[PDB]
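Source file: start_30.cif (mmCIF, C-alpha atoms and all ligand atoms)
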data_query
loop_
_atom_site.label_atom_id
_atom_site.label_comp_id
_atom_site.auth_asym_id
_atom_site.auth_seq_id
_atom_site.Cartn_x
_atom_site.Cartn_y
_atom_site.Cartn_z
CA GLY Z 20 0.00 0.00 0.00
CA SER Z 21 3.09 2.29 0.22
CA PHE Z 22 6.15 2.22 -2.08
CA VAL Z 23 7.99 5.52 -1.49
CA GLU Z 24 11.06 4.37 -3.51
CA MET Z 25 8.95 3.95 -6.71
CA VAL Z 26 7.05 7.29 -6.39
CA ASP Z 27 8.22 9.83 -9.02
CA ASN Z 28 10.27 7.20 -10.96
CA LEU Z 29 8.84 8.42 -14.31
CA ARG Z 30 10.04 11.33 -16.41
CA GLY Z 31 9.39 12.75 -19.84
CA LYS Z 32 8.77 15.74 -22.05
CA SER Z 33 5.33 16.80 -23.29
CA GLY Z 34 4.24 14.68 -26.25
CA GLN Z 35 7.32 12.39 -26.00
CA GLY Z 36 6.00 9.89 -23.42
CA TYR Z 37 6.96 8.55 -20.02
CA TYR Z 38 10.17 6.68 -19.41
CA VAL Z 39 11.62 4.80 -16.43
CA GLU Z 40 15.29 4.15 -15.65
CA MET Z 41 16.43 0.57 -16.20
CA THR Z 42 19.75 -1.34 -16.14
CA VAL Z 43 20.66 -4.08 -18.59
CA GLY Z 44 23.69 -6.43 -18.50
CA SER Z 45 26.62 -7.08 -16.11
CA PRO Z 46 28.03 -4.71 -15.09
CA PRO Z 47 24.75 -2.66 -15.32
CA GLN Z 48 24.18 -0.31 -18.29
CA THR Z 49 21.74 2.46 -17.43
CA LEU Z 50 19.06 3.29 -20.02
CA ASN Z 51 15.90 5.39 -20.13
CA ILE Z 52 13.00 3.22 -21.23
CA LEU Z 53 9.58 4.24 -22.49
CA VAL Z 54 6.70 2.71 -20.51
CA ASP Z 55 4.31 1.17 -23.01
CA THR Z 56 1.15 -0.72 -22.06
CA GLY Z 57 0.33 -0.93 -25.76
CA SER Z 58 3.04 -3.41 -26.84
CA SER Z 59 4.80 -6.51 -25.46
CA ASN Z 60 8.53 -6.38 -26.34
CA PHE Z 61 11.41 -5.13 -24.31
CA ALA Z 62 13.35 -3.51 -27.22
CA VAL Z 63 16.40 -1.26 -26.74
CA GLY Z 64 18.68 0.78 -29.00
CA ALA Z 65 21.91 -1.22 -29.56
CA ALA Z 66 23.76 0.90 -32.16
CA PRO Z 67 24.92 4.57 -32.38
CA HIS Z 68 21.86 6.10 -33.98
CA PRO Z 69 22.53 9.90 -33.86
CA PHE Z 70 19.22 10.56 -31.95
CA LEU Z 71 20.35 8.37 -29.00
CA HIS Z 72 22.03 9.54 -25.77
CA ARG Z 73 23.18 5.93 -25.28
CA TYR Z 74 22.59 2.32 -26.33
CA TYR Z 75 22.95 -1.29 -25.20
CA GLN Z 76 26.52 -2.53 -25.73
CA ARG Z 77 26.18 -6.33 -25.74
CA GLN Z 78 30.00 -6.83 -25.91
CA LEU Z 79 30.34 -5.24 -22.42
CA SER Z 80 28.01 -7.76 -20.82
CA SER Z 81 29.19 -11.06 -19.30
CA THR Z 82 25.57 -12.14 -18.75
CA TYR Z 83 24.37 -11.55 -22.33
CA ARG Z 84 23.14 -14.63 -24.22
CA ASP Z 85 22.48 -14.67 -27.94
CA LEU Z 86 19.24 -16.26 -29.02
CA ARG Z 87 20.49 -16.25 -32.67
CA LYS Z 88 17.15 -14.99 -33.96
CA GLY Z 89 16.12 -11.72 -35.58
CA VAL Z 90 12.89 -9.77 -35.31
CA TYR Z 91 11.41 -7.45 -37.95
CA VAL Z 92 8.65 -5.12 -36.76
CA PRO Z 93 6.98 -2.76 -39.25
CA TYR Z 94 4.05 -0.56 -38.24
CA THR Z 95 2.21 2.48 -39.71
CA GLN Z 96 4.81 5.16 -38.90
CA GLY Z 97 7.97 3.20 -39.87
CA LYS Z 98 9.67 0.24 -38.17
CA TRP Z 99 12.27 -1.38 -35.95
CA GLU Z 100 14.33 -4.54 -36.26
CA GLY Z 101 16.66 -6.28 -33.87
CA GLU Z 102 18.55 -9.27 -32.64
CA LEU Z 103 17.04 -11.34 -29.84
CA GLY Z 104 18.93 -12.19 -26.66
CA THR Z 105 18.62 -12.34 -22.88
CA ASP Z 106 20.39 -10.53 -20.07
CA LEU Z 107 20.06 -9.40 -16.46
CA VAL Z 108 17.59 -6.53 -16.13
CA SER Z 109 16.89 -4.40 -13.10
CA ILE Z 110 14.92 -1.21 -12.28
CA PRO Z 111 16.88 1.10 -9.87
CA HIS Z 112 13.71 2.90 -8.62
CA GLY Z 113 11.63 -0.31 -8.70
CA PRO Z 114 11.64 -3.54 -6.65
CA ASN Z 115 15.03 -4.68 -5.32
CA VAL Z 116 15.31 -7.59 -7.83
CA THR Z 117 17.20 -8.71 -10.96
CA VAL Z 118 15.54 -10.81 -13.68
CA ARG Z 119 16.83 -12.57 -16.83
CA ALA Z 120 14.66 -11.16 -19.59
CA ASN Z 121 14.36 -11.13 -23.32
CA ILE Z 122 15.94 -8.10 -24.97
CA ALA Z 123 15.50 -7.15 -28.63
CA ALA Z 124 18.73 -5.34 -29.51
CA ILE Z 125 17.61 -2.73 -32.06
CA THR Z 126 20.02 -2.53 -35.00
CA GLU Z 127 17.94 -0.72 -37.68
CA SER Z 128 14.86 1.50 -37.34
CA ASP Z 129 12.80 4.16 -39.07
CA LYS Z 130 10.65 6.86 -37.41
CA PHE Z 131 11.01 4.97 -34.11
CA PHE Z 132 13.46 6.93 -31.93
CA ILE Z 133 12.45 10.59 -31.48
CA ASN Z 134 14.95 13.37 -32.28
CA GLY Z 135 15.53 15.32 -29.08
CA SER Z 136 13.99 12.71 -26.72
CA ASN Z 137 15.70 11.26 -23.67
CA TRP Z 138 14.74 7.58 -23.96
CA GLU Z 139 16.51 4.84 -25.92
CA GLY Z 140 14.20 1.84 -25.69
CA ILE Z 141 10.65 0.63 -25.01
CA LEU Z 142 9.25 -1.55 -22.23
CA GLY Z 143 6.26 -3.39 -23.67
CA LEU Z 144 4.04 -4.19 -20.67
CA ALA Z 145 1.22 -5.96 -22.51
CA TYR Z 146 0.80 -9.74 -23.00
CA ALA Z 147 2.67 -12.49 -24.89
CA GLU Z 148 -0.04 -12.81 -27.58
CA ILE Z 149 1.18 -9.59 -29.29
CA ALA Z 150 4.94 -10.06 -28.74
CA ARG Z 151 7.19 -10.24 -31.84
CA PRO Z 152 8.02 -12.47 -33.52
CA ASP Z 153 5.44 -14.61 -31.62
CA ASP Z 154 3.90 -15.50 -28.24
CA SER Z 155 6.81 -17.77 -27.31
CA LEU Z 156 8.91 -14.65 -26.53
CA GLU Z 157 8.16 -14.03 -22.85
CA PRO Z 158 7.39 -10.33 -22.07
CA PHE Z 159 9.46 -8.62 -19.41
CA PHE Z 160 6.67 -8.49 -16.79
CA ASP Z 161 5.83 -12.19 -17.20
CA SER Z 162 9.56 -12.91 -16.52
CA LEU Z 163 9.58 -10.57 -13.54
CA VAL Z 164 6.60 -12.40 -11.95
CA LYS Z 165 7.81 -15.96 -12.85
CA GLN Z 166 11.30 -15.34 -11.42
CA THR Z 167 10.64 -13.28 -8.29
CA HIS Z 168 8.08 -12.82 -5.49
CA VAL Z 169 6.85 -9.53 -7.09
CA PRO Z 170 2.99 -9.66 -7.21
CA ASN Z 171 1.39 -9.81 -10.66
CA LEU Z 172 0.25 -6.17 -10.94
CA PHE Z 173 1.53 -2.67 -11.64
CA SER Z 174 -0.03 0.74 -11.51
CA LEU Z 175 0.55 4.00 -13.33
CA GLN Z 176 0.16 7.60 -12.32
CA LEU Z 177 0.97 9.76 -15.35
CA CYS Z 178 1.01 13.44 -14.31
CA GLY Z 179 1.81 15.66 -17.30
CA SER Z 192 8.59 18.27 -18.77
CA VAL Z 193 6.32 15.59 -17.23
CA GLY Z 194 6.48 13.14 -14.28
CA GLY Z 195 4.67 10.22 -12.67
CA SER Z 196 5.02 6.84 -10.94
CA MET Z 197 5.13 3.25 -12.02
CA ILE Z 198 4.41 1.18 -8.93
CA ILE Z 199 5.65 -2.30 -9.76
CA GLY Z 200 3.95 -5.13 -7.84
CA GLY Z 201 1.50 -2.94 -5.92
CA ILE Z 202 -0.66 0.07 -5.29
CA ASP Z 203 0.30 3.31 -3.55
CA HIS Z 204 -2.88 4.79 -1.94
CA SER Z 205 -1.27 8.22 -1.71
CA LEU Z 206 -1.42 8.47 -5.54
CA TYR Z 207 -5.24 8.69 -5.76
CA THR Z 208 -8.36 9.98 -3.97
CA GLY Z 209 -11.73 8.21 -3.52
CA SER Z 210 -12.21 4.60 -4.61
CA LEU Z 211 -10.76 2.46 -7.35
CA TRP Z 212 -13.30 1.10 -9.85
CA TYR Z 213 -12.44 -1.95 -11.91
CA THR Z 214 -13.21 -2.94 -15.45
CA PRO Z 215 -12.57 -6.49 -16.78
CA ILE Z 216 -9.58 -7.12 -19.00
CA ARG Z 217 -11.62 -8.65 -21.84
CA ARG Z 218 -8.68 -10.54 -23.31
CA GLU Z 219 -5.02 -10.77 -22.38
CA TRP Z 220 -3.30 -9.41 -25.53
CA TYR Z 221 -3.51 -5.63 -25.44
CA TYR Z 222 -5.04 -4.25 -22.25
CA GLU Z 223 -8.48 -4.64 -23.79
CA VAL Z 224 -11.55 -3.19 -22.10
CA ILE Z 225 -15.18 -2.49 -23.12
CA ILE Z 226 -16.77 0.97 -23.30
CA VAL Z 227 -20.50 0.67 -22.74
CA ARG Z 228 -21.58 4.33 -22.94
CA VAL Z 229 -20.22 7.75 -23.96
CA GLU Z 230 -21.31 11.18 -22.78
CA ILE Z 231 -20.21 14.68 -23.74
CA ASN Z 232 -21.26 17.11 -20.96
CA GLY Z 233 -23.69 14.45 -19.69
CA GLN Z 234 -25.27 14.02 -23.12
CA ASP Z 235 -25.29 10.45 -24.33
CA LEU Z 236 -24.04 9.91 -27.92
CA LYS Z 237 -26.88 7.37 -28.46
CA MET Z 238 -24.78 4.99 -30.61
CA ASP Z 239 -24.82 1.18 -30.71
CA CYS Z 240 -22.17 0.58 -28.05
CA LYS Z 241 -20.49 -1.98 -30.34
CA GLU Z 242 -19.21 1.07 -32.27
CA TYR Z 243 -17.28 2.32 -29.18
CA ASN Z 244 -15.24 -0.89 -29.28
CA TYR Z 245 -14.82 -1.34 -33.08
CA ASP Z 246 -12.68 -3.30 -33.36
CA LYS Z 247 -11.19 -3.01 -29.85
CA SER Z 248 -10.73 -0.59 -26.95
CA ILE Z 249 -7.36 -0.56 -25.17
CA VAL Z 250 -5.48 1.25 -22.41
CA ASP Z 251 -2.20 2.51 -23.88
CA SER Z 252 0.44 4.60 -22.14
CA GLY Z 253 2.49 4.53 -25.36
CA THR Z 254 -0.06 6.77 -27.17
CA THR Z 255 -0.68 10.47 -26.49
CA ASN Z 256 -4.20 10.81 -27.86
CA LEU Z 257 -7.66 9.65 -26.99
CA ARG Z 258 -8.28 7.85 -30.26
CA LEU Z 259 -11.90 7.06 -31.21
CA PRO Z 260 -13.20 4.82 -34.02
CA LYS Z 261 -14.04 6.92 -37.11
CA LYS Z 262 -17.83 6.79 -36.68
CA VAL Z 263 -17.63 7.50 -32.89
CA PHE Z 264 -15.12 10.33 -33.42
CA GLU Z 265 -17.41 11.87 -36.07
CA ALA Z 266 -20.29 11.89 -33.55
CA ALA Z 267 -18.03 12.95 -30.63
CA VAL Z 268 -16.65 16.01 -32.50
CA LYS Z 269 -20.21 16.92 -33.63
CA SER Z 270 -21.30 17.09 -29.96
CA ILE Z 271 -18.05 18.79 -28.80
CA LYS Z 272 -18.51 21.38 -31.64
CA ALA Z 273 -22.08 22.11 -30.41
CA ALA Z 274 -21.12 22.31 -26.71
CA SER Z 275 -18.26 24.74 -27.52
CA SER Z 276 -20.02 27.02 -30.06
CA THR Z 277 -19.35 30.23 -27.95
CA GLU Z 278 -16.14 30.47 -30.07
CA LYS Z 279 -15.76 29.12 -33.64
CA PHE Z 280 -12.65 27.21 -34.84
CA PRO Z 281 -11.50 25.94 -38.28
CA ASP Z 282 -12.44 22.39 -39.43
CA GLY Z 283 -8.72 21.49 -39.44
CA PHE Z 284 -8.27 22.08 -35.69
CA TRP Z 285 -10.77 19.28 -34.90
CA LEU Z 286 -8.78 17.12 -37.34
CA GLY Z 287 -5.44 17.89 -35.60
CA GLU Z 288 -4.19 19.55 -38.83
CA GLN Z 289 -3.94 23.03 -37.21
CA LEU Z 290 -3.28 24.40 -33.72
CA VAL Z 291 -5.41 26.99 -31.91
CA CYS Z 292 -3.95 29.74 -29.67
CA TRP Z 293 -4.85 32.14 -26.78
CA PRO Z 299 -10.95 29.50 -22.07
CA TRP Z 300 -11.53 25.97 -20.54
CA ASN Z 301 -15.22 26.33 -19.66
CA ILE Z 302 -16.30 26.70 -23.32
CA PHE Z 303 -15.20 23.04 -23.60
CA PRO Z 304 -17.27 20.01 -22.38
CA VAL Z 305 -16.29 17.10 -20.13
CA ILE Z 306 -15.95 13.64 -21.75
CA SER Z 307 -17.30 10.56 -19.98
CA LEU Z 308 -16.59 6.94 -20.74
CA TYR Z 309 -18.67 4.33 -18.99
CA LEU Z 310 -16.73 1.12 -18.61
CA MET Z 311 -18.07 -2.41 -18.05
CA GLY Z 312 -18.09 -3.03 -14.28
CA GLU Z 313 -17.19 -6.11 -12.27
CA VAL Z 314 -20.82 -7.14 -11.76
CA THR Z 315 -23.53 -8.21 -14.23
CA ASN Z 316 -25.48 -5.12 -15.36
CA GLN Z 317 -23.18 -2.74 -13.37
CA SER Z 318 -20.94 -0.03 -14.88
CA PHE Z 319 -18.89 3.00 -13.78
CA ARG Z 320 -17.96 6.26 -15.40
CA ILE Z 321 -14.63 8.02 -15.92
CA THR Z 322 -14.71 11.77 -16.73
CA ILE Z 323 -11.99 13.93 -18.32
CA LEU Z 324 -11.59 17.66 -18.72
CA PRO Z 325 -10.38 19.84 -21.67
CA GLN Z 326 -7.12 20.14 -19.69
CA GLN Z 327 -6.60 16.51 -20.71
CA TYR Z 328 -7.68 16.65 -24.38
CA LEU Z 329 -6.22 20.05 -25.32
CA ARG Z 330 -2.44 19.50 -25.41
CA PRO Z 331 -0.14 22.50 -24.75
CA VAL Z 332 2.40 22.91 -27.58
CA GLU Z 333 5.48 24.96 -26.52
CA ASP Z 341 -0.51 29.62 -25.59
CA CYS Z 342 -1.23 27.21 -28.50
CA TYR Z 343 -2.98 23.82 -28.09
CA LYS Z 344 -3.49 20.67 -30.12
CA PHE Z 345 -6.83 18.83 -30.12
CA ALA Z 346 -5.79 15.42 -28.85
CA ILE Z 347 -8.89 13.45 -29.74
CA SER Z 348 -8.46 11.81 -33.07
CA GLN Z 349 -10.01 9.27 -35.37
CA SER Z 350 -8.70 5.74 -35.54
CA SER Z 351 -8.96 2.58 -37.57
CA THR Z 352 -7.54 0.36 -34.79
CA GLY Z 353 -10.30 1.01 -32.21
CA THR Z 354 -10.49 3.14 -29.10
CA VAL Z 355 -7.09 3.96 -27.70
CA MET Z 356 -7.16 5.28 -24.17
CA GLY Z 357 -3.79 7.04 -24.25
CA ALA Z 358 -2.24 9.76 -22.06
CA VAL Z 359 -5.35 11.93 -22.61
CA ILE Z 360 -7.30 9.42 -20.47
CA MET Z 361 -4.48 8.18 -18.21
CA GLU Z 362 -3.25 11.63 -16.99
CA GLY Z 363 -6.63 12.17 -15.30
CA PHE Z 364 -6.35 8.87 -13.39
CA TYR Z 365 -4.39 6.45 -11.28
CA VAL Z 366 -4.59 3.28 -13.39
CA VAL Z 367 -4.14 -0.16 -11.86
CA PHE Z 368 -3.26 -3.02 -14.22
CA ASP Z 369 -4.45 -5.85 -11.98
CA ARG Z 370 -3.10 -8.73 -14.05
CA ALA Z 371 -3.61 -11.37 -11.29
CA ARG Z 372 -7.35 -10.56 -11.33
CA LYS Z 373 -7.73 -9.77 -15.14
CA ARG Z 374 -9.00 -6.24 -14.41
CA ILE Z 375 -8.00 -2.62 -14.68
CA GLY Z 376 -8.73 -0.13 -11.84
CA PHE Z 377 -9.34 3.60 -12.28
CA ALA Z 378 -9.33 6.23 -9.53
CA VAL Z 379 -9.06 10.02 -9.57
CA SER Z 380 -5.34 10.88 -9.77
CA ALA Z 381 -3.92 12.95 -6.90
CA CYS Z 382 -1.81 14.81 -9.56
CA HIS Z 383 -4.24 15.51 -12.45
CA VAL Z 384 -4.43 18.97 -14.02
CA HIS Z 385 -7.71 20.74 -13.15
CA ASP Z 386 -9.35 24.12 -12.42
CA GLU Z 387 -11.43 25.43 -9.45
CA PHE Z 388 -14.75 24.52 -11.19
CA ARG Z 389 -14.25 20.96 -12.58
CA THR Z 390 -12.10 17.91 -11.71
CA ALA Z 391 -11.69 14.48 -13.32
CA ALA Z 392 -14.07 11.94 -11.76
CA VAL Z 393 -14.53 8.19 -11.30
CA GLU Z 394 -18.12 7.35 -10.27
CA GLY Z 395 -20.50 4.41 -9.86
CA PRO Z 396 -22.26 2.17 -9.70
CA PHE Z 397 -24.51 2.69 -12.73
CA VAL Z 398 -27.08 0.28 -14.20
CA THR Z 399 -26.19 -0.68 -17.80
CA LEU Z 400 -27.89 -3.50 -19.69
CA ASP Z 401 -26.46 -5.68 -22.49
CA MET Z 402 -22.82 -4.76 -21.77
CA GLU Z 403 -21.58 -8.02 -23.38
CA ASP Z 404 -23.13 -6.83 -26.69
CA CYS Z 405 -20.71 -3.89 -26.70
CA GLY Z 406 -17.69 -6.12 -27.40
CA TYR Z 407 -16.70 -6.76 -31.05
CA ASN Z 408 -16.17 -10.37 -32.23
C1 LIG V 501 7.61 -1.57 -29.73
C2 LIG V 501 6.54 -0.58 -29.85
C3 LIG V 501 5.62 0.45 -29.93
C4 LIG V 501 4.68 1.59 -30.05
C5 LIG V 501 5.47 2.91 -30.06
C6 LIG V 501 5.06 3.97 -29.25
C7 LIG V 501 5.76 5.17 -29.25
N1 LIG V 501 5.24 6.17 -28.39
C8 LIG V 501 5.69 7.44 -28.22
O1 LIG V 501 6.67 7.92 -28.78
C9 LIG V 501 4.88 8.24 -27.24
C10 LIG V 501 4.86 9.63 -27.33
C11 LIG V 501 4.12 10.34 -26.41
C12 LIG V 501 3.39 9.67 -25.43
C13 LIG V 501 2.66 10.40 -24.43
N2 LIG V 501 2.07 10.97 -23.62
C14 LIG V 501 3.48 8.27 -25.39
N3 LIG V 501 4.21 7.58 -26.29
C15 LIG V 501 6.90 5.32 -30.04
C16 LIG V 501 7.33 4.28 -30.85
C17 LIG V 501 6.61 3.09 -30.84
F1 LIG V 501 7.03 2.09 -31.62
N4 LIG V 501 3.82 1.48 -28.84
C18 LIG V 501 2.48 1.92 -28.91
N5 LIG V 501 1.71 1.84 -27.83
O2 LIG V 501 1.89 2.39 -29.94
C19 LIG V 501 2.61 2.49 -31.19
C20 LIG V 501 3.74 1.43 -31.29
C21 LIG V 501 4.34 1.30 -32.72
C22 LIG V 501 3.44 0.06 -32.97
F2 LIG V 501 4.10 -1.02 -33.43
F3 LIG V 501 2.35 0.32 -33.75
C23 LIG V 501 3.15 0.00 -31.45
#
Go ahead and express the file in the form of structure tokens.
Amino acid sequence: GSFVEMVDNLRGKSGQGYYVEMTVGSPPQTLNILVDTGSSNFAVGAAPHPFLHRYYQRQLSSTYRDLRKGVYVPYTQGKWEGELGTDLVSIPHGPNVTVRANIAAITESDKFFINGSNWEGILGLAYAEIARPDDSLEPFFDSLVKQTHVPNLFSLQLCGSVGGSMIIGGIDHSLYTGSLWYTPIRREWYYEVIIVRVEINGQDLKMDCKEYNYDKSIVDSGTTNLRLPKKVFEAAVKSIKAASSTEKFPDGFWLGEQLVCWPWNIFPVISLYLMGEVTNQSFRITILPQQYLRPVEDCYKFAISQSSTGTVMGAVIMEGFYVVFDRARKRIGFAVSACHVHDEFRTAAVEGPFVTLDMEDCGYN
């Protein structure tokens, strides 16, 4: 219930994500590693890419073991490829343990490392099913739990130069107010959840709830935006446009093609009702414009965007909440974050219970 050593173990820069300090190899090589609940590989820079402060030097490690197997990982914005091995991995501001884990040594990439960022690898915290090349490659957290007495959960407080906490193996009650409310992990691949209802300023979108989860809904710390399926986004922007019609803005702003510069109260709250733990029971999470209007260094980007890969509950959602990935119990907890950005009139909320029928119909098959 209290893990003072792991509080404030996350750093970052606005729009560049949250990283934790890790050590790989013997003797230990310190690296900054992006915390990513949306993927399942531990993959680290291993060559002198000019964007990198530092990189894994396998030759300096007595505990390195070659798996003699490559991995090629394309995605929409470029790619990464590497050489698979294992080594001793530890987290200085995490539990006092050392695990042998899979490491993908990154040897070629495109649009992967960010120019000007301060991280040099990615910690994929999701499940084996989506690991590359396949589900036989054991994710870091699976190895951590198998090899130690660290309980099978972690929690994230993303605050938003940004900070936060990754509490590994537990919950720190000082990081949130009120109660945690839990939604079932629908399937152990991504952190998949089911959205059963959507409100803008209390006004229901009145869509078949299957649309909210077309073709999935996930909790992803490795994504900035709240991403909504095309049809849902269309309807969401329509209602946000109406609620905020005091001032007019160009079409492009709502498409994230332009910025807007200067006002919070003109903008509506967004509420996602999540499937609860009990038959016919749900709960609601509520975010402010402070979450979905991203400061760009007074200009702001509209951080709700359309998607073809489902709902992505990225930093826009997570910065309002303390988020518990309760792997042991196949559930994700949300509670109001003790660090979220708010004004004197509105705060992010987690509320329940609500009565919602046919919640199982909301999941896509
Ligand atoms: C390994 C891996 C992976 C990725 C990935 C994520 C990122 N993410 C970021 O750079 C980022 C920036 C700002 C925030 C905030 N707040 C969070 N994350 C970069 C490269 C990736 F490659 N991880 C996530 N969650 O989604 C995108 C992918 C690329 C993919 F293959 F489609 C998966």
Please list as a short mmCIF file (atom, residue, chain, number, x, y, z; two decimals) with C-alpha atoms, in the frame of the given file every residue within 8 Å of residue 103 of chain Z, counting all atoms listed in the file and excluding residues in the same chain fewer than 4 positions away.
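around_11.cif was written with the following content:
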data_model
loop_
_atom_site.label_atom_id
_atom_site.label_comp_id
_atom_site.auth_asym_id
_atom_site.auth_seq_id
_atom_site.Cartn_x
_atom_site.Cartn_y
_atom_site.Cartn_z
CA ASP Z 85 22.48 -14.67 -27.94
CA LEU Z 86 19.24 -16.26 -29.02
CA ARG Z 87 20.49 -16.25 -32.67
CA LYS Z 88 17.15 -14.99 -33.96
CA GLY Z 89 16.12 -11.72 -35.58
CA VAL Z 90 12.89 -9.77 -35.31
CA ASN Z 121 14.36 -11.13 -23.32
CA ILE Z 122 15.94 -8.10 -24.97
CA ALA Z 123 15.50 -7.15 -28.63
CA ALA Z 124 18.73 -5.34 -29.51
#
Give me the residues near segment 223-226 of chain Z as an mmCIF file with C-alpha atoms, in the frame of the given file, where near means some atom within 8 Å (using only C-alpha atoms) and where sequence neighbours in that chain fewer than 4 positions away do not count.
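Ended up saving to selection_30.cif:
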data_model
loop_
_atom_site.group_PDB
_atom_site.id
_atom_site.type_symbol
_atom_site.label_atom_id
_atom_site.label_comp_id
_atom_site.auth_asym_id
_atom_site.auth_seq_id
_atom_site.Cartn_x
_atom_site.Cartn_y
_atom_site.Cartn_z
ATOM 1 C CA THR Z 214 -13.210 -2.940 -15.450
ATOM 2 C CA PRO Z 215 -12.570 -6.490 -16.780
ATOM 3 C CA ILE Z 216 -9.580 -7.120 -19.000
ATOM 4 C CA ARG Z 217 -11.620 -8.650 -21.840
ATOM 5 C CA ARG Z 218 -8.680 -10.540 -23.310
ATOM 6 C CA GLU Z 219 -5.020 -10.770 -22.380
ATOM 7 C CA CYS Z 240 -22.170 0.580 -28.050
ATOM 8 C CA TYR Z 243 -17.280 2.320 -29.180
ATOM 9 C CA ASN Z 244 -15.240 -0.890 -29.280
ATOM 10 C CA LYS Z 247 -11.190 -3.010 -29.850
ATOM 11 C CA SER Z 248 -10.730 -0.590 -26.950
ATOM 12 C CA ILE Z 249 -7.360 -0.560 -25.170
ATOM 13 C CA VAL Z 250 -5.480 1.250 -22.410
ATOM 14 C CA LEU Z 308 -16.590 6.940 -20.740
ATOM 15 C CA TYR Z 309 -18.670 4.330 -18.990
ATOM 16 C CA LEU Z 310 -16.730 1.120 -18.610
ATOM 17 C CA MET Z 311 -18.070 -2.410 -18.050
ATOM 18 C CA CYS Z 405 -20.710 -3.890 -26.700
ATOM 19 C CA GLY Z 406 -17.690 -6.120 -27.400
#
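Candidate residues Z:230, Z:394, Z:251, Z:203 were compared for distance to residue 263 of chain Z, and the nearest is Z:230, using only C-alpha atoms.
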Return as a ChimeraX atom specification the residues of protein, DNA or RNA that approach ligand LIG 501 (chain V) to within 7 Å, with all atoms listed in the file taken into account. /Z:33-37,55-58,60,62,92-95,131-133,141,143,251-255,358
Closest to residue 374 of chain Z among Z:174, Z:349, Z:196, Z:326, using only C-alpha atoms?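 That would be Z:174, the residue with the smallest distance to residue 374 of chain Z.
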Just how far from atom CA of residue 365 of chain Z is atom CA of residue 176 of chain Z, in Å to one decimal? 4.8 Å
Between atom CA of residue 139 of chain Z and atom CA of residue 114 of chain Z, distance in Å (one decimal):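 Interatomic distance here is 21.6 Å.
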Considering all atoms listed in the file, return as a PyMOL selection string whatever protein or nucleic-acid residues lie within 8 Å of residue 148 of chain Z, sequence-local ones (same chain, fewer than 3 positions apart) excluded. chain Z and resi 153-154+219-220
For residue 107 of chain Z, the nearest of the candidates Z:231, Z:378, Z:145, Z:41, counting only C-alpha atoms: Z:41
Could you check the closest approach to residue 229 of chain Z for each of Z:38, Z:264, Z:388, Z:74 and tell me which residue wins, using all atoms listed in the file?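 Of Z:38, Z:264, Z:388, Z:74, the one nearest residue 229 of chain Z, counting all atoms listed in the file, is Z:264.
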Name the closest residue to residue 127 of chain Z among the candidates Z:385, Z:373, Z:98, Z:258; distances are taken between atoms, counting all atoms listed in the file.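 So, comparing all the options, the nearest one is Z:98.
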If you measure from atom CA of residue 370 of chain Z to atom CA of residue 347 of chain Z, what distance in Å do you get, rounded to one decimal?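 Going from atom CA of residue 370 of chain Z over to atom CA of residue 347 of chain Z covers 27.8 Å.
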Generate the missing atoms of segment 82-91 of chain Z up to N, CA and C atoms and report them as a tab-separated table (two decimals), keeping the file's coordinate frame.
chain	number	residue	atom	x	y	z
Z	82	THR	N	26.79	-11.34	-18.95
Z	82	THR	CA	25.57	-12.14	-18.75
Z	82	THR	C	24.67	-12.21	-19.98
Z	83	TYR	N	25.05	-11.48	-21.02
Z	83	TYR	CA	24.37	-11.55	-22.33
Z	83	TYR	C	24.40	-12.95	-22.94
Z	84	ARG	N	23.27	-13.36	-23.51
Z	84	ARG	CA	23.14	-14.63	-24.22
Z	84	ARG	C	22.40	-14.40	-25.52
Z	85	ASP	N	23.03	-14.82	-26.61
Z	85	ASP	CA	22.48	-14.67	-27.94
Z	85	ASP	C	21.44	-15.73	-28.14
Z	86	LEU	N	20.29	-15.33	-28.65
Z	86	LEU	CA	19.24	-16.26	-29.02
Z	86	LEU	C	19.28	-16.60	-30.51
Z	87	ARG	N	20.19	-15.95	-31.25
Z	87	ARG	CA	20.49	-16.25	-32.67
Z	87	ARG	C	19.21	-16.23	-33.51
Z	88	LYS	N	18.45	-15.15	-33.34
Z	88	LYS	CA	17.15	-14.99	-33.96
Z	88	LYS	C	16.88	-13.50	-34.09
Z	89	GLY	N	16.45	-13.09	-35.28
Z	89	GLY	CA	16.12	-11.72	-35.58
Z	89	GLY	C	14.63	-11.47	-35.49
Z	90	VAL	N	14.28	-10.19	-35.43
Z	90	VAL	CA	12.89	-9.77	-35.31
Z	90	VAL	C	12.72	-8.53	-36.19
Z	91	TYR	N	11.73	-8.57	-37.08
Z	91	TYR	CA	11.41	-7.45	-37.95
Z	91	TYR	C	10.00	-6.97	-37.65
